[PDB]
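Accompanying notes for the structure given below.
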Ligand code: HEM
Ligand code: HEM
Ligand SMILES: CNCc1cc(OCc2ccc3ccc(N)nc3c2)ccc1Cl
Ligand SMILES: CNCc1cc(OCc2ccc3ccc(N)nc3c2)ccc1Cl
Ligand SMILES: C[C@H](O)[C@H](O)[C@H]1CNc2nc(N)[nH]c(=O)c2N1
Ligand SMILES: C[C@H](O)[C@H](O)[C@H]1CNc2nc(N)[nH]c(=O)c2N1
Ligand SMILES: [Zn+2]
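Residue numbers (the authors' numbering), protein chains in the order written: chain B, 69 to 109, 121 to 482; chain A, 67 to 108, 121 to 482.
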């Protein structure tokens, strides 16, 4: 019933009891673990999810059973009974957004969960308005390199009406230009979105790091195209501390990781456009974004600059180049005074988070395969920590691409 | 479409479906409410069903499913359980079973090799001395002076009302772990308990960082007896670095042969409590886990200081740098000594090929992602980007409680 969770570096044993609060099914069954899969394969429903959330909210401020609690439950019940739905008070929304981050099993950065600026953009009626909110989000979150976590929340979904959607997966993304000679200039993860932009009338560039426009969509309307003011988008040229040739690669990355394709669910209400940003862990850029084969794929180029043996795997040329690239990202962001965390500091902070959550709730939902970094796994403490994975609401969820 | 798990490779974009998982009879630790996949250790009627199942598997493998000999073997096994409460496997059944157990092992990245496994039948063994002889032969055969060969030696099965054959050590080769009076550990901390068990049983202990442990061997209903391995049987590789000349002076070494000996081999409900097996190392096992784990030899800081790295800050990536050079030293020295080894890139590539083989051969392959992905350079290898389905097929290797 209650899972025995062991740390194999220290011998420590905990027991997760938070998992009992899980109301949603994951992809595993006793016959097969599907834990490594990236994506997933009436009115009393909503009402019970609403009651549960309001109950959480009032417990958070230590006022359970009180008359403000009991009254808020009836407001929620009266509205659902008459309209099939209801609305969150802003304070509740602020709470809900923090819990969704706190509950995100794949996020290594949750030590920060209580510090989150929440912009209420539920009074949005057009793509143009959505653009203003996004520009402001970016300005606030970027704060000249002293990054600050933020989320902007657009109107929730409503029955028989199209969704508010940001078509881009992140607020800032580099273009992917498919050359007709088989290759791709720019970021191959972004080929499809780049093509959507062009079809919607964007005039494309031809660099490896062309910042994409935002395609914003208000309900049942064609998406509209907005170019982000170049001064809003802070970027960091990459250079290496000892390899003077590194900067000559023209490599660079943007400061702000702002995810915009996820759906935020609070108390049974769904928010299809709710972009959020924190700051980068260095490996995201250094390992995944630049070294992944289906991305910028720079491993070989850097290895040759380093004059390593490329002819054989046993010279570990890949491992060596990757370390230097990650070092270039850390150095450069620190040089440009932009908030960034290395994977050792991050994982160490995540262990402290686990301990805080253990005392606070009796567990912490965590997805080992995502929490463990993409290089130097067992060299971080999270590797040796067993983790229980489950779904708590409020939550961030994936949703289909709107096209 | 298909009512089976869909499996994606995110590098290549390719999709497969796992139908093999339908063959699983034993439940794992996960439920719809929570995934426990990262957890390291989570009657004649029952026997007969497992026995019938394995006999069906065996006859399938030789393409005689539904045949007269198949049905006679079924009747033969049932009648044997009917009078003894257990049954016995034929030689070729044991060979097929042992190989299928390796094939079925979700955590093993080396399964491309699964059909080339030398199976030594040792079901005649009747003493601890004789266990020693068999073990020595295994080591000689498998070590083959550096040109390593996969092998398993299978000792008599669990019998009703008779003690188990057990090998107390977790591997046939392991370094002593000597607990110091100043709290620390000399040698391998992983092996503190078995070292103390060896001493309690009469072994005169050394005081090195790399003292090879004696074997504690247990024949049925008898106390374990102690056997020292003749040193020439135990191939070691001194560690040096291709370009960093000082690395040799660290005096580090590792043994050639990884030979796991505490696992239980299960076949058709028959349980072989002693069935040590061995292949060859993947370099990250030695270079990353055994030598760099904090709770193992923990040499990361030593090496980083020799490399003159800034160890006062995480963001210098000193751990990452030292780790790479240690791994490189493992590879270089094993190659120089001409002792079979595989780096984590070559291994993971070979595992992708294996997944493709098994997709065609069996409609899928049970695989534990957290264990298949290597402990350094994870996403630099192709398996990181490969979704995997994990489940228990039988025949299997299983963990078993320690004899004491
Ligand atoms: C403040 C610093 C933060 C750091 C260092 C951090 C770190 C990370 C990293 C490394 C990942 C893995 C992402 C990947 O490989 O694609 C991740 C995932 C995630 N993060 Fe954070 N994060 C931070 C802030 C936030 C904030 C403010 C939110 C939302 C309020 C958030 C929500 C999430 C979610 C929902 C995931 C999982 C995405 C998925 O399931 O695909 N994070 N985080
Ligand atoms: C031939 C070369 C082989 C290589 C390179 C190889 C590689 C590996 C590696 C790296 C692991 C991870 C273990 C750990 O980190 O603790 C592993 C696990 C495992 N291997 Fe293989 N292996 C090989 C041969 C074999 C053979 C011959 C057998 C048995 C007949 C076998 C059975 C297993 C089993 C049962 C595990 C899982 C152990 C556990 O679950 O705790 N392997 N292998
Ligand atoms: C799961 N496939 C990639 C994917 C990642 C997503 O999130 C990545 C993500 C999410 C939140 C983050 C927060 C901070 C940070 N530095 N990186 C972060 C990275 C969202 C949608 C998709 Cl489709
Ligand atoms: C659970 N981790 C410790 C443990 C590891 C075990 O096996 C590790 C193992 C098993 C087989 C291997 C075969 C080849 C190889 N290179 N390494 C191999 C490593 C068995 C039991 C235990 Cl208790
Ligand atoms: C197949 C595998 O589950 C997939 O590639 C995962 C593994 N772990 C990850 N971990 C993080 N942080 N981000 C990712 O995109 C992934 N991808
Ligand atoms: C807690 C976690 O499951 C544990 O550290 C695992 C992770 N993956 C592993 N992978 C391999 N190959 N060997 C191991 O011992 C482990 N340990
Ligand atoms: Zn699972």
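Each residue gets a CB set at the ideal place from its N, CA and C atoms; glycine is no exception.
**Prompt:** Which residue from 329(B), 390(B), 345(B), 348(B) puts its Cα closest to that of residue 369(B)?
**Reply:** Reading the first chain from its first residue, position 290 is the one you call residue 369(B). If we check each option's Cα against that of residue 369(B), 329(B) comes out closest.
**Request:** Counting only runs of 4+ residues fully inside the region 356-400 of chain B, write out the alpha helix (DSSP H) ranges in chain order.
**Result:** 378-384
**Request:** Answer yes or no: do residue 350(A) and residue 229(A) have a C-beta to C-beta separation smaller than 8 Å?
**Result:** Within the second chain, residue 350(A) is the residue found at index 272, counting from 1. Within the second chain, residue 229(A) is the residue found at index 151, counting from 1. For residue 350(A) and residue 229(A), no; Cβs fall outside 8 Å.
**Message:** Helix, strand or coil for residue 181(B)? Go by DSSP, reduced to three states.
**Reply:** By one-based count along the first chain, residue 181(B) stands at place 102. Reduced to three states, the DSSP call for residue 181(B) is helix.
**Prompt:** Which same chain residues, not among the five before or five after residue 190(B), have their C-beta less than 7 Å away from its C-beta?
**Reply:** For the purposes of this step, residue 190(B) is taken as the residue at position 111 of the first chain. In the same chain as residue 190(B), and ignoring 5 residues on each side of it, the C-beta atoms closer than 7 Å to its own belong to 428, 429, 431, 432, in chain order.
**Asked** Which residue spans inside the region 200-288 of chain A form an unbroken beta strand (DSSP E) run of at least 3?
**Response** The region 200-288 of chain A is shown to contain whole beta strand (DSSP E) runs of 3 or more residues at 229-232, 255-257, 263-265, in chain order.
**Item:** Contacts that residue 319(B) makes with chain A (C-beta to C-beta distance below 8 Å)
**Value:** For the purposes of this step, residue 319(B) is taken as residue 240 along the first chain, with counting starting at 1. In chain order: nothing, as chain A lies at least about 12 Å away.
**Prompt:** Regarding residue 186(A) and ligand 2, is the C-beta to nearest heavy atom distance less than 7 Å?
**Reply:** Here residue 186(A) is taken as the residue at index 108 of the second chain, counted from 1. The nearest non-hydrogen atom of ligand 2 is less than 7 Å from the C-beta of residue 186(A).
**Message:** At the 8 Å Cβ level, is residue 336(A) part of the contact set with chain B, yes or no?
**Reply:** Taking the first residue of the second chain as 1, we reach residue 336(A) at position 258. Cβ-Cβ to chain B under 8 Å: no for residue 336(A).
**Distance, residue 464(B) Cα to residue 212(B) Cα** = As a first step, residue 212(B) is located in the first chain; it is residue number 133 there, counting from the start. As a first step, residue 464(B) is located in the first chain; it is residue number 385 there, counting from the start. Residue 212(B) and residue 464(B): Cα-Cα distance of roughly 40 Å.
**Request:** Flag residue 187(B) as yes if its beta-carbon sits less than 8 Å from any beta-carbon of chain A, otherwise no.
**Result:** By one-based count along the first chain, residue 187(B) stands at place 108. Contact with chain A is absent for residue 187(B), since none of that chain's Cβ atoms lies less than 8 Å from the residue's Cβ.
**Cutoff 8 Å: residue 458(B) Cβ touching any chain A Cβ** = For the purposes of this step, residue 458(B) is identified with residue 379 of the first chain, where counting begins at 1. Interface residue, yes.
**Prompt:** Are the beta-carbon atoms of residue 237(B) and residue 284(B) separated by less than 8 Å?
**Reply:** Mapped onto the first chain, residue 237(B) falls at position 158. Mapped onto the first chain, residue 284(B) falls at position 205. Here residue 237(B) is not near residue 284(B), since their CB atoms are 8 Å or more apart.
**Prompt:** Taking the C-alpha atoms as reference points, what is the distance between residue 300(A) and residue 241(A)?
**Reply:** Translated into positions along the second chain, residue 300(A) becomes position 222. Translated into positions along the second chain, residue 241(A) becomes position 163. Each residue's alpha carbon lies about 8 Å from the other.
**Prompt:** Is residue 75(B) helix, strand or coil by DSSP?
**Reply:** Here residue 75(B) refers to the residue found at position 7 when the first chain is read from its first residue. Residue 75(B) falls in the strand class under three-state DSSP.
**Prompt:** Can you list, in chain order, the residues of the region 434-460 of chain A whose Cβ is nearer than 9 Å to any Cβ on chain B?
**Reply:** 444, 445, 446, 447, 448, 451, 452, 453, 454, 455, 456, 457, 458, 459, 460
**Prompt:** Under a CB-based cut-off of 8 Å, is residue 80(A) close to chain B?
**Reply:** Here the question's residue 80(A) lines up with position 14 in the second chain. No, residue 80(A) lies away from the interface with chain B (no Cβ there is under 8 Å from its Cβ).
**DSSP state of residue 427(A) mapped onto helix, strand, coil** = Position 349 of the second chain holds residue 427(A). Of the three classes helix, strand and coil, the one that applies to residue 427(A) here is helix, per DSSP.
**Asked** Who are the Cβ neighbours of residue 89(B) in its own chain at under 7 Å, not counting the five residues just before and after it?
**Response** On the first chain, position 21 is the one that residue 89(B) refers to. For residue 89(B), where only same-chain residues beyond five positions count, the Cβ hits under 7 Å are 471.
**Asked** Quick one, are the C-beta atoms of residue 453(B) and residue 366(B) less than 8 Å apart?
**Response** Here residue 453(B) refers to the residue found at position 374 of the first chain. Here residue 366(B) refers to the residue found at position 287 of the first chain. Yes, the Cβ-Cβ distance between residue 453(B) and residue 366(B) is below 8 Å.
**Message:** Can you tell me whether residue 102(B) sits near ligand 7, meaning its C-beta is under 7 Å from at least one heavy atom of the ligand?
**Reply:** Here the question's residue 102(B) lines up with position 34 in the first chain. Answer for residue 102(B): yes, Cβ within range of ligand 7.
**Item:** Strand pairing of residue 140(A), partner residues [DSSP]
**Value:** For the purposes of this step, residue 140(A) is taken as residue 62 along the second chain, with counting starting at 1. According to DSSP, which records beta bridges pairwise, residue 140(A) is partnered with nothing at all.
**residue 276(B) and residue 295(B) closer than 8 Å at C-beta** = Residue 276(B) sits at position 197 when you count from the first residue of the first chain. Residue 295(B) sits at position 216 when you count from the first residue of the first chain. No, the pair does not count as a contact, with Cβ atoms beyond the cut-off.
**Prompt:** Listing by chain order, which chain A residues have their CB less than 8 Å from the CB of residue 405(B)?
**Reply:** Working through the first chain from its first residue, we reach residue 405(B) at position 326. 395, 398, listed in chain order.
**Any chain A beta carbon closer than 8 Å to residue 363(B)** = Within the first chain, the letter at position 284 stands for residue 363(B). Chain A, which has no Cβ nearer than 8 Å to the Cβ of residue 363(B), makes this no.
**Item:** Coarse secondary structure for residue 342(A), derived from DSSP in three states
**Value:** As a position in the second chain, residue 342(A) is number 264, starting the count at 1. Taken through DSSP and simplified to helix, strand or coil, residue 342(A) comes out as strand.
**Asked** Who are the neighbours of residue 366(B) on chain A, taking C-beta pairs under 7 Å?
**Response** Reading the first chain from its first residue, position 287 is the one you call residue 366(B). What residue 366(B) touches in chain A: 457.
**Prompt:** Just to confirm, are residue 251(A) and residue 337(A) a CB contact at a threshold of 8 Å?
**Reply:** Along the second chain, read from residue 1 onward, the residue named residue 251(A) stands at position 173. Along the second chain, read from residue 1 onward, the residue named residue 337(A) stands at position 259. Residue 337(A) is positioned such that its CB atom lies closer than 8 Å to that of residue 251(A).
**Request:** List the endpoints of the continuous beta strand (DSSP E) containing residue 464(B).
**Result:** As a position in the first chain, residue 464(B) is number 385, starting the count at 1. Where residue 464(B) is concerned, there is no enclosing beta strand (DSSP E), given that its DSSP letter is neither H nor E.
**Asked** Rounded to the nearest angstrom, how far is the Cβ of residue 173(B) from that of residue 129(B), given a contact under 8 Å?
**Response** Here residue 173(B) is taken as the residue at index 94 of the first chain, counted from 1. Here residue 129(B) is taken as the residue at index 50 of the first chain, counted from 1. The Cβ separation is near 17 Å, so there is no contact.
**Asked** Which same chain residues, not among the five before or five after residue 311(A), have their C-beta less than 7 Å away from its C-beta?
**Response** Against the second chain, residue 311(A) aligns to sequence position 233. Excluding positions up to five away in sequence, the list reads 214, 217, 218.
**Prompt:** Tell me the DSSP bridge mates of residue 116(B)?
**Reply:** Coordinates for residue 116(B) are absent; the numbering of chain B skips from 109 straight to 121.
**Residue interval of the alpha helix (DSSP H) (run including residue 151(A))** = Locating residue 151(A) in the second chain gives position 73, where the first residue counts as 1. Counting along the chain, the alpha helix (DSSP H) containing residue 151(A) begins and ends at 146-162.
**Message:** On the CB-based measure, 16 or more other CB atoms within 10 Å of its CB, does residue 421(B) come out buried or exposed?
**Reply:** Numbered from 1 along the first chain, position 342 holds the residue referred to as residue 421(B). By the neighbour-count rule (16 or more Cβ atoms within 10 Å), residue 421(B) is buried.
**Request:** For residue 399(A), I'd like the list of residues in its chain whose CB is within less than 8 Å of its CB, leaving aside the five on either flank, ordered along the chain.
**Result:** Taking the second chain and counting its residues from 1, one reaches residue 399(A) at position 321. Excluding sequence neighbours, residue 399(A) sits near 382, 385, 387.
**Message:** Pop quiz: residue 184(A) and residue 446(A) are said to be a contact at Cβ under 8 Å. What is the actual Cβ separation, rounded to whole angstroms?
**Reply:** For this step, residue 184(A) is matched to residue 106 along the second chain. For this step, residue 446(A) is matched to residue 368 along the second chain. Residue 184(A) to residue 446(A), Cβ: 4 Å. Contact.
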